[PDB]
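Undergrad: no sequence for this one, just the structure:
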RNA sequence: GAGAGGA
DNA sequence: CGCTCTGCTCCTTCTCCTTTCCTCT
DNA sequence: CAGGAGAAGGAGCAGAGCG
Ligand SMILES: [Mg+2]
Ligand SMILES: [Zn+2]
Ligand SMILES: [Zn+2]
Ligand SMILES: [Zn+2]
């Protein structure tokens, strides 16, 4: 978790003029930055602080209060010096997707920088990895698994056409927008209890 | 909307937990608070809590993730105090870590030789003589 | 998931006029109109695949689809098409600009006709820190005169004369450009003149009957040669001609018709089918362009090809503007210019909603800053009042009343819903019970509401004033006669307009700036203009005449009469 | 008025090609001598892209890390100023941006006559 | 519409808008001549000031610079008629707020 | 460009009729959007009358940015302006 | 005020007001619009006619200024707040490792 | 049917609007220098003569340091031609132009290196051809070099001596010249400066007459103008003989660059040889080639004496230029030659024994006879000064060369009937359709078809003779002329745009597939393509390289086709 | 579309 | 010393405007 | 169908320089 520093413009409707101004500012910022991915920086958790608030301005047709504000948001962005635990939701023969307990389930780690003995198994989908004469070291679903993050992918493109939107709706894309690629080159991964 | 700084000063994974818990207390999102007034009885005072669904969900998920059982039934940071954090920073400043991996081992306190060796690059090559077991014995107690 | 979305309020900083460079015309387009026919003639008059009324260019009906935004007539902004011409033609709007560009350049090297020092000085004058339109136009005209003074190209070393309209006639002659190379060579030896003499000697040896026409017959600049010359004008010599070459489309060749932007069908709807003038004109343009293109490959007579080219040029000129030729199409120029054009009939002065117009009658008992309104029109002139926890009870009572009894309401718009819920039917009692704190009630006009009372012609500012509405049974806008001096009202059968502002801002500005009480003095001299009219001065004079002597009862009756 | 050399069959739709159909004869297969030039056209150009006079442009975290330490610098970037300059040619106002007082260093653009094209 | 057989409004022409200008009433002018007469929510591209449909520029084909704003439908009709000629009314936008 | 400090502000300390009408319109628009009022309501419902009553007691919480032609601007509080 | 006596005809106005839309609205619409397209004029919409045509707010009258609501927030809470982060950040670069 | 959403993408219509000069120059600078340099060159071409302040204002990348770095990058590579003018009213300002010769040098790099290697008889020895190729590559890529830096780069004494000898030989040959501030001053402004200091200095007494005063000023200015133009071409720096060992060595401190005029004269010689190869035998073509190589250094400049660009041509005295040129074209000592010199320098591999048949080696008589048959043709390949003495007339050979190239381009693109019609209209003058049919002997239907397809370019011009008060059709007549200047200019612009389009496509393809191109040099893995990359990457890289090779081959062909129109 | 009140 | 361009200045012949709209028919 | 006011080409002379 890392503090950011973002400057934005906040619309305060007259309904919220009675409460504290900072409370309304934080409410609107949360309405914009609660559990959403800020492009090129990751996912924002909660508006932490608030500093350098300029006097609000009114446009000639709405009657709200538009305030230019700066604040320090809470975002998650681990690059290299980290080890992250997670759970397992679904696995198939193209890698393993590691999930958390509600934060976000977008981390997918393939078997590129993983253990050499890992292999696929359509049945009892698992990550069998002998590494010795004993081959009973398969990865189980819904268990602690530690992994490193080697790189982060940002999907920040949208060249879609209205005709294409209508065609896809009649026929109904890369849903992820902030995913991290995992690595388990060193030991101690797979389960925090396997390595003592 | 322009991001003035893509990354400000780093935040330790102890201030975030207490900050979120205090935020839920102010907004009355505590499990005890919701079980007391909003559960097992009707709102006599009708003092409704904060009404942000997405914020409630994300803050509950992050506080639960920070308060899971420690990955070797609590995460240590749950019972960690500010003075315990001061003791921990003194102990870590007495040691040598190039990056701010000190905050990284604050994030997770595995208290294992293998995990501490893996968390920092070339732990054996950098220094592995007598202070590594001291690190493990002071990190076994989360305080 | 759910990446953030950020929006900011933005206003129109300012327009930047320019032309389209035959690459933005194609970029905007959805279909190339390449068929003279309009309807398929088989599937019950459906629009053709690439005709003028192609659906991809918009929808002219209320029960069709535009195939590009998939909306009805109300929700279709309209989409453009492109029509690629053959043998480009002059743009009638830029024809004088084309003349100036031709006068500013050679006809062999296609380079500007000013010396290096002269163009440096002129550019220095153009790039002064403060220059308006007038000084810039004067500088450009001086540049044009200076380059018209030139007799030889500085690079090609070719003779240059005068570039002028052919005959300034009605049709083709008004769009023909002739170059007179040999006007300024009086008696000096010019190699071009000798070449001309040799060429005409050759042709007269072959055909001697054209001797009488060797006079005149100047260098003719058809649109194709003009385009080929404009393609060679260096950008560094383009600022002196007035064209800013910094951005694309800032080229002299973008002012010659090579692609016609076919406007959306919304701009040129079909009435009851019966297509309007623009569709017919562009259909004719497509037909003539196809004829020219086919004749190019069929090897038609050069006379026929030139005649069809000229006919196409006249057709597109009429399309842009119907004043070009006499032999009543509503050209875009007709649609814009005029008293009823878009600028003077639709942009600077529109027809506004929530307005009425009725006869006027006097009403002395009505105080100034008030106007009496019929309840037959106070029940249609609704004001949108938003529930605000101060008038929730009043608004729900009005909803209960309904749209028939005057202190009621016509429409209810819920906070989240889009369509207005009419209060004419649907058990409005429960709707009043379910009146939230953000809904809008179109309440009937009532006492104390602000209205704009106006009488035409609006000679001065006091011809329109803001009054407080009152409700009276009759059918006439009744106003106190004292305020009839500003409007110049007559009560001889005069009529007046009454507008109802629909926002708190407009209403407050009307009642505080245009209020009758705040406009008792005319602005031209400051002398009062709202005061006693006829018969009020007579009553005052009869009361204050020295013969008047009142006892106590008569005095008290008078004092109860004035109050 | 349909012309003498045209009929109603050939007219009715205005189909302009919008695509060229008249090619120059310079599109034929390349020759060995022409294949050489190219290389001396790809090599030149490549050298000036690697050359100091480019200024073409119109991860990197501030956190110290032992991993980035003990790693060599990518190369010895040669800026525009470091190149030797004949001062009497350039305008005076550009002297403040060149290497008027800087260590001399010139890069030699070696030419490899062997083609770098695959196969 | 204009007549009385067609339920139409009263024309507030050039003289009336000049009278409104004389009072210096700006919000009332905006409400009368745009809000209560004809309001259209158009999508103008922030790069090339040409109106787009459904948040689609149709020229940049990016939908990133599209900005929604309300202008009179008469102005939109004028812009389309000018674009039908060889005139490009490229609207340049600036932030209303931010000082 | 910057705001002229309150200590010296050439603009008239009076309140022009245009500023008064705009303040009343803005306050009435805010009140019509369910905004709190700072005066004794006395049963009035139309937002314009509430705005007028608030301006009578100088209770309207708005300020005016008087934009000079150069670009600078003096911020005048409605309470400080005189009528 | 431009320097020379200028009438109130369509000729004297064309030498006073640069705004192409205003001149087109007054008189000689198509000629002015085509001239502004050719010379590539860059008018900034500030006149009342320009604002009315584009549905904006004028610069005269009530649109000659701005209305601003004071946030009225104290300086004793807007200051940055944190719980002793600089403790563990004792500048590890001070020591060798 | 192709929708416009696809036409805008795969029809090259967006770039079809760009001016060919601006398009070509910006594309070349972007490919060889970068994006900032491309933007600066684009502003220079679009506006012309911009100072640093105006360049900063007119570009979004308005960093003053960035603009100055771009300007020094363009000046060291002489892609710009600045000018330092002093304002009398106050502060002086320096204005920058766009240098066409430097951008052409960037354009002709491959051809320049090919000419350098081939013309010097050093490829045969196979040992210093690499050295001279590296020398010319460094000179053309770094802009301006002093010999001491190049020599100090190398260490071997033998290599140093070889490089110095090659420098001396190249400078003597004429491909390398001393670079001076004259190379960074516009010729038009140079003539403007030289017009004064010869007109102002005239005493305020009655000058002969104002027209005669200006004539005297022009006559005095042309002399020192030609002198200062030829000053870099005097070899005043190579003559540092005997510093030690008494050998001819170039002065170390003198900066040397490549002489574009010499290379373009070589290109003109090659074009003339190619033209002659279509009129005489292979042996006679070889004789003409060796004569051109002998007279190449002493030939007049390809473009002009540099006075045509400087000022207005004249009232009508522009012909004087021609005459003056013709005088030098006949009287430069190196130009005139006899068969003896050719026989002296003719290679022994040429048979030259049975080539010529008397009636239905290295013999002087046979070479003289071949020169006579060269001079006999209507094409002025050679002209006779004295009995048995020949000189190649460049003045009378440019128009015929341009006409032949243009006619053959028309013949290749359109049908041969197009060439027939163009030549018929050119030889005739103002010819109607009936006379066209009479003197061309083909179908009038195809005559009209070809005329319509040909008028699309500035090849055939329609002259309208009105037979009524109104000049409308169906009554007027339409004659046809040629106006070869329009045709030449339009075809030159067309070829420039085609070259710019090829370069734009090449850069686009390089950028699109840049990942594997970068990987090819990420770890110095060049030459190991098959043994390190995936087969799909192998195929993709092979296709990219072949496409770039074809692009540059077509660019070389376009250059060989447009040089003739570039001549004057 | 154009004939005419009307104020 | 007439001769021959420029340049200026008339002179003629051309183009764009003429409230408000407010109805009916 | 009248009235007003500009822009654009012929056309007739001064004026300058000249070989
Ligand atoms: Mg009356
Ligand atoms: Zn549509
Ligand atoms: Zn010319
Ligand atoms: Zn766009």
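TA: Received the coordinates, thanks. Numbers count the residues shown, from 1 in each chain, chains lettered A, B, ... in the order given. Ligands and ions are numbered 1, 2, ... in the order given.
Undergrad: where along chain D do the strands fall?
TA: Here chain D has no strands by DSSP state E.
Undergrad: how about the residues of it near chain C?
TA: With the criterion set to C-beta under 8 Å from any C-beta of the partner chain, chain D comes near chain C through D:2-6, D:10-16, D:18. For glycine as for every other residue, the C-beta is placed from the backbone atoms N, C-alpha and C.
Undergrad: which residue does chain G have closest to DNA strand K?
TA: residue G:11 (4.3 Å; C-beta to the nearest atom of the strand).
Undergrad: what is the neighbour count of that residue?
TA: 11 (other C-beta atoms under 10 Å in any protein chain shown).
Undergrad: and the helix or strand containing it with chain E, contact?
TA: Using DSSP states H and E, residue G:11 maps to helix G:10-14. No - remark: helix G:10-14 sits outside contact range of chain E, by C-beta under 8 Å from any C-beta, the gap being at least 15.1 Å.
Undergrad: just checking, what packs against the helix or strand just after that helix?
TA: Next in sequence after helix G:10-14, counting helices and strands by DSSP H and E, comes helix G:20-26. Contact analysis of helix G:20-26 by 3 or more C-beta pairs under 8 Å, 6 or more residues apart in numbering or on different chains; DSSP states H and E lists helix G:10-14, helix G:29-38, helix G:48-54 as its packing neighbours.
Undergrad: returning to that earlier point: report the two of the residues of chain D next to chain C separated the most.
TA: Taking C-beta to C-beta as the measure, the residues of chain D next to chain C span a maximum distance of 29.1 Å, between D:4 and D:18.
Undergrad: which one's more surrounded, the two?
TA: Higher neighbour count among residue D:4 and residue D:18: residue D:18, with 13 against 8, using other C-beta under 10 Å.
Undergrad: the more buried one and residue C:84 touch, don't they?
TA: Yes - with contact defined as C-beta atoms under 8 Å, residue D:18 reaches residue C:84; the gap is 6.8 Å.
Undergrad: how about stretch G:73-82: buried residues?
TA: residue G:73 (16 or more other C-beta atoms under 10 Å in any protein chain shown).
Undergrad: actually, stretch G:11-27.
TA: Here stretch G:11-27 shows G:13-15, G:17-27 as buried, counting by 16+ other C-beta under 10 Å.
Undergrad: about what we covered before: okay, the helices and strands packed on helix G:20-26 in JSON lines with distance to residue D:31 next?
TA: Shown next, in JSON lines, are the helices and strands packed on helix G:20-26 (distance: least, C-beta to C-beta, whole Å):
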{"stretch": "helix G:10-14", "distance to residue D:31": "65"}
{"stretch": "helix G:29-38", "distance to residue D:31": "50"}
{"stretch": "helix G:48-54", "distance to residue D:31": "63"}
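Undergrad: out of the ones you listed, nearest to residue C:483?
TA: Closest to residue C:483 of the helices and strands packed on helix G:20-26 is helix G:48-54 (C-beta to C-beta; 27.1 Å).
Undergrad: the helices in the chain, which residues?
TA: Let's take chain A. A:21-33, A:162-171 (DSSP state H).
Undergrad: was after chain F, sorry
TA: Remark: helices assigned in chain F by DSSP H are F:17-32, F:47-56.
Undergrad: including distance to residue A:174 and mean neighbour count, could those helices go into TSV?
TA: Output for the helices of chain F, formatted as TSV (distance: least, C-beta to C-beta, whole Å; neighbours: other C-beta atoms under 10 Å in any protein chain shown):
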stretch	distance to residue A:174	mean neighbour count
helix F:17-32	44	25
helix F:47-56	49	20
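Undergrad: so which of the ones you listed gets nearest ligand 1?
TA: Among these, helix F:17-32 comes nearest to ligand 1, with 32.1 Å by C-beta to the ion.
Undergrad: right, I'll leave it there.
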